[PDB]
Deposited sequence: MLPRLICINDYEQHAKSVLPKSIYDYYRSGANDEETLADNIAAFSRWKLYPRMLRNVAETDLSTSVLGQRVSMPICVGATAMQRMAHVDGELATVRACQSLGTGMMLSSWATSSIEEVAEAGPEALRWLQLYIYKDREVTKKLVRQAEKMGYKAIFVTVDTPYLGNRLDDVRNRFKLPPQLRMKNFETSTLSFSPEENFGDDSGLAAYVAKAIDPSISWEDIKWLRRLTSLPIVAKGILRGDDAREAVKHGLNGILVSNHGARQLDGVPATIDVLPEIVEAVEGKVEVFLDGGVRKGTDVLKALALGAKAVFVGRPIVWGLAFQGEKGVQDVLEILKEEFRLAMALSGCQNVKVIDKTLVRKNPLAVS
């Protein structure tokens, strides 16, 4: 069928995936208050476009942690991509290479670090890391990322335990993940990881300014403002609503990124107006895989790219450097 926006990709995925797999991907934690809010919050921020600026030649390119990208829209870590499409993470990395954007690989990816680097040798690639109770396997992942040309580590800090998604309980794996992830992870473990690698490290899952300041103090290189796609603690705010406090807190010392609820080009524009360098998408990528593997991911990323180009042009922004805080008001 004819899919023209990200919601059409979700609707198609619901129509072709087994219910248990669609529910795993769609679900948030508990009553899904934050899942609704990640989307509703973007709608509350209103755009104040400038007219007559000359937007004939819109340039979406930017950089993430010193590496050039084609657009401020990157693929976030999502476990279990092979349940959406046989090609899983290799399909995703091939789409990212085509688009000129970066892929954050889950540390629970079915495809190995090496396999993804072999499928996307020229793709910008980052590794998402959990600090596992087994620090030997944690270290081995970081060293493999270094050796295979990955350009940053995104350490997930909001998952001492996995969240309670009610459909997953109504429909093994979760127990095996709980056995592996360390609930004792502290700032001392961040000091260890900062000593372990010279790669840029981003703290993924920060929601408070004081924690963002502590990440800067520990010599990390970025914050990804994230509520884990509303899958961890329900009743946290929308990421777009905490973004301004986090940008204020880090005083320009490190790049700030956002995920959670990005579905449209205007969502990207609002996040950049509030000070994010770039945004990451989770579920939209899975819906792309479910439609048509590599070509479906490419289509989702091209829809977001073109929606973002149009939103930039209609708001009077030739390039991402002129996106400013006066474009948005809540």
query: Parts of the chain sequence, as deposited, that carry no C-alpha coordinates in this structure; finding: 1-2, 174-203, 363-368
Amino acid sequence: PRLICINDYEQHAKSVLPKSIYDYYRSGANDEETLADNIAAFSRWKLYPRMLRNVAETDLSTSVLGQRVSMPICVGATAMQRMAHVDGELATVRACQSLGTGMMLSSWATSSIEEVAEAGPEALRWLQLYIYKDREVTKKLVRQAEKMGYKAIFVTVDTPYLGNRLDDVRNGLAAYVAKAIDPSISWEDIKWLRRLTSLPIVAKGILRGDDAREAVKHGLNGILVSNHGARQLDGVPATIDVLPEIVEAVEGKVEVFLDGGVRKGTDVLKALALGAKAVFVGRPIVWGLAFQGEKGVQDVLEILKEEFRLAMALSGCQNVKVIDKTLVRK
From here on, numbers count along this sequence of modelled residues.
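In this text, the rigid core denotes the largest set of C-alpha atoms whose superposition between the two forms falls within 1.5 Å.
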{"query": "Rigid core superposition result in 8 other deposited structures of this protein, more deviant of 104-112, 211-219 by Cα", "finding": "104-112"}
{"query": "Higher-deviation segment by CA RMS in 8 other deposited structures of this protein, core fitted, 174-182 or 73-81", "finding": "174-182"}
{"query": "Which of 310-318 and 16-24 has higher mean CA B factor, as the PDB entry lists it", "finding": "16-24"}
{"query": "Mean C-alpha B-factor comparison - 137-145 and 72-80, higher one", "finding": "137-145"}
{"query": "Which of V254, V169, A215, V93 ranks first by CA B-factor in the deposited coordinates", "finding": "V169"}
{"query": "Residue, from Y161, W126, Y130, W108, that the PDB entry assigns the highest Cα B-factor", "finding": "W108"}
{"query": "Assigned third (lowest, middle, highest) for the C-alpha B factor of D299", "finding": "middle"}
{"query": "B-factor third for the C-alpha atom of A56 within its chain", "finding": "highest"}
{"query": "Ranked C-alpha temperature factor of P121 among modelled chain residues, by third", "finding": "highest"}
{"query": "Third of the chain, ranked by Cα B-factor, where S112 sits", "finding": "highest"}
{"query": "Lowest, middle or highest third - CA B-factor, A180", "finding": "highest"}
